[PDB]
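Structure first, commentary second.
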Amino acid sequence: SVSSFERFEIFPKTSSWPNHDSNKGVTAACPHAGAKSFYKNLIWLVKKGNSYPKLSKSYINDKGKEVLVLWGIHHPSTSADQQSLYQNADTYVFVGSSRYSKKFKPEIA
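Those letters in the sequence shown? Residues 114 to 116, 116A to 116C, 117 to 133, 133A, 134 to 218, by the authors' numbering.
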């Protein structure tokens, strides 16, 4: 039960992604309209060429209201795909919020 529901580009695709860059985050898991696609409110990280440095996107996205943010931790299949999507194996993911802290660990299986 909600009284207001807005949608704004928290992390715009056209900007704010200079280092990993790229937009080819499509997959066959969600192939609507006969084409590889992905979640609209989510972005699959793909390296630009063979570079994938650390990411820091500390944002406020604060409009005087509670803002719901969603994200996924991609666990790959083979180590070849890990270096074909991220160029490094031993990574870590951390979402730093005043109410939520988590040090993620990727898994290859």
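Just so you know, even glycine gets a beta-carbon here, dropped at the ideal spot from N, CA and C.
Comparing C-alpha distances from residue 116 to each of 211, 204, 174, 199 shows the shortest one belongs to 174.
The C-alpha of residue 158 is placed about 27 Å away from the C-alpha of residue 179. Scanning its chain for C-beta atoms nearer than 6 Å, with the 5 sequence neighbours on each side dropped, one finds around residue 129 the residues 162, in chain order.
Remark: C-beta atoms of residue 194 and residue 135 do not approach each other more closely than 7 Å.
The shortest CA-to-CA distance from residue 217 to any of 149, 139, 199 is the one to 199.
Residue 188 sits in a helix when the DSSP states are folded into three classes. With distances taken between CA atoms, residue 151 lies nearest to 123 out of 168, 165, 123, 144.
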